[PDB]
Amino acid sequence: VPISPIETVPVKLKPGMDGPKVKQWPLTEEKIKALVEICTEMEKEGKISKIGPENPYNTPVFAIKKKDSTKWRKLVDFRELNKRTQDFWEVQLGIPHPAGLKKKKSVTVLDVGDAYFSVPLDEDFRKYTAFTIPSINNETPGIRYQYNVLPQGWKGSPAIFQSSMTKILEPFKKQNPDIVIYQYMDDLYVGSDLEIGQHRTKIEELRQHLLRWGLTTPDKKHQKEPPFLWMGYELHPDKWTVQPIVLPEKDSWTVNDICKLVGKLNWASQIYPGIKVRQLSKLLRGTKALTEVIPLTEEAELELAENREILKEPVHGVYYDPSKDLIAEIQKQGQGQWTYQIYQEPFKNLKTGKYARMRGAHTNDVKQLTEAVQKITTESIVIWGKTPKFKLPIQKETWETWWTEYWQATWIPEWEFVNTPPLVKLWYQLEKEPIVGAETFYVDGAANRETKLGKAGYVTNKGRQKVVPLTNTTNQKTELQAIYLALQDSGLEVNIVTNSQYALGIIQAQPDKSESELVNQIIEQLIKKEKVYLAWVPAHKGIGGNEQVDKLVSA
């Protein structure tokens, strides 16, 4: 067997474990013909070699159809091998995005063929890549081969190819520094500001460099004219857009269908502004079977119809200009949903996106806005390596009030206010000093762990009092209920004294939404008030009326 011009990556097994020894699956006669035709062809080219009985290893093998071609692809079920092979550190840290490309004079795209089959495998590792090819007769012993190149299906093949490919391109990139080469597996976006004459020269120069190592650049995949098809996109000299997206039009929707639906809507939200998947993802909660038909809700059918109406119109993105600033603007779409657009010139979006996570049981719009800014910042640093300036639908004074009084550290990068309703604001402010002339409510609540019963009420300085029996509750729900009662039966200004750290920690965070209906009712009463002062006192210390109301709600 000849020596491959590329250096080979030394691969070991995990210490203590032997090679795979698994029996072959029964294969259909149409797949056996496709395998023997490709096996006999790869053994002529030095990519697989015959092995005898001295090789005690074996692994299954099969073949699937290639997309839009009569050719077949050979795949090996290395699931038992991959378990015992050594761990690899992948060198693919993410996916390039067209919004990060810079305008270049000339652009060329090429794709080498049979990429993994042009890179050798380690010599001392070829023994564990043994597999059997079942013949047309079940009694025929079958032909056993072992791989000489990177087997499609092994966990080290992509890692090894990406690193081997970068090593071959370094001498070219070292001699041609002004040439931009986007390397993603077997695909090379090549672009330069050189004139179109010396461009094609450097392309051919690359096509020969690569050829010296057994990497073929077929003219079938060569692309010299715009638009270019790269990474699911359509690259034009001034704009870009995603490859057409097709949503299913199922009359009866299954879970698996929504999952494919949600997945393509998320992919479309990168340049299609305003895609919402809130009500469609609400169909995937608490469901157990991809084989479970699910009816569309009224809010989900509306959300789908809106998204279909956005995909009808054509949208496009632009490229990155390092000379001008980066700008990102956020809007408040729906409750728990946010959208943004990143651009450098107005209405010429580099890309769009959405953020909708709900973090926590209790939160407000200011928290979610801060989470969205951070998601945009990280995403921006990935693609452009800088933080955009931000246009936020929150008043400067609103944000200054929040971060200065919040107990956690919080910060937003350089930003400016944009008046685009709905505006993010704080719905209520707890006073810092007790209110003069306001009735003072000493609240408490307790429950029994066993009976699940409890009381909650209050005692005031004006003689007012209330106690309410509660069924199927906890100690925390009662302490919250006691505060809800004091809010109900008080005027516009009220001082409230509790001994519940749990209740006080929730309200001081100024939430405007919650997963608990009792909290939402407390919030609604807090918005109606003009002045509210909350205070905490230690329990069981004989403090004020807090000990008098602790004894009323004791049982």
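In case it trips you up, residue 1 is the first one in the sequence shown, and so on.
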- Query: Should the higher mean CA B-factor in the entry be assigned to 506 to 514 or to 37 to 45?
  - Reply: 37 to 45
- Query: According to the deposited model, is the average Cα temperature factor higher in 422 to 430 or in 218 to 226?
  - Reply: 218 to 226
- Task: Among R357, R464, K74, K351, single out the one with the highest C-alpha B factor in the record, please.
- Result: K74
- Item | Top Cα B factor in the deposited entry, candidates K455, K386, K282, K103 | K282
- Task: Ordered by C-alpha B-factor within the chain, which third holds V532? Give me lowest, middle or highest, please.
- Result: lowest
- Message: Split into thirds by Cα B-factor across the chain's modelled residues, where does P273 land: lowest, middle or highest?
- Response: middle
- Task: Just say lowest, middle or highest third for the CA B-factor of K174 relative to the other modelled residues in its chain.
- Result: middle
- Note on the structure: Split the chain's modelled residues into thirds by Cα B-factor; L93 lands in the middle
- Message: Please place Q395 in the lowest, middle or highest third of its chain according to the CA B-factor in the PDB entry.
- Response: lowest
